[PDB]
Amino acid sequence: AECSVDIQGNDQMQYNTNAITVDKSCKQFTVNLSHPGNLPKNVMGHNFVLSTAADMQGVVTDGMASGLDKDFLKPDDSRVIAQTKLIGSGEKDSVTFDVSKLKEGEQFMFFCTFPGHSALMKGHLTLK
């Protein structure tokens, strides 16, 4: 199994994937985010944020409260398993995390915390 995934967020507020499977043989897993299109970060910025499904709402809400300067993410949010920077068009960011941070049979979600974006920019991650 590949221990990485490449994901795009675009100018239509979409990710190009909404499911990630992480094989238990991976020690680490890398998410490579990019932003095709031409809208800048202050209007259409995207991140990739990974938490338990149960933690997503608090992460998203506290991210909105943290504002654009903090990449719409609460600093040192302990619920965040992995995060990229908030990127604008033509940029890219990668995050690597330890697969040991994923428990078996637990539900994970990934999402963008730019306000409003998680309506569409969300997806599910499991172990395999």
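Note that residue numbering follows the sequence shown and begins at 1.
As the entry records it, the average C-alpha temperature factor is higher for 95-103, out of 82-90 and 95-103. The PDB entry reports B-factors from which the mean C-alpha value can be compared for 12-20 and 104-112; the larger average falls on 104-112.
When the Cα B-factors of 44, 59, 50, 26 are read from the PDB record, 26 comes out highest. In the deposited entry, the Cα temperature factor of residue 31 places it in the lowest third of its chain's modelled residues.
Sort the chain's modelled residues by C-alpha temperature factor and residue 7 lands in the lowest third, per the entry. When all modelled residues of the chain are sorted by CA temperature factor, residue 125 is found within the middle third.
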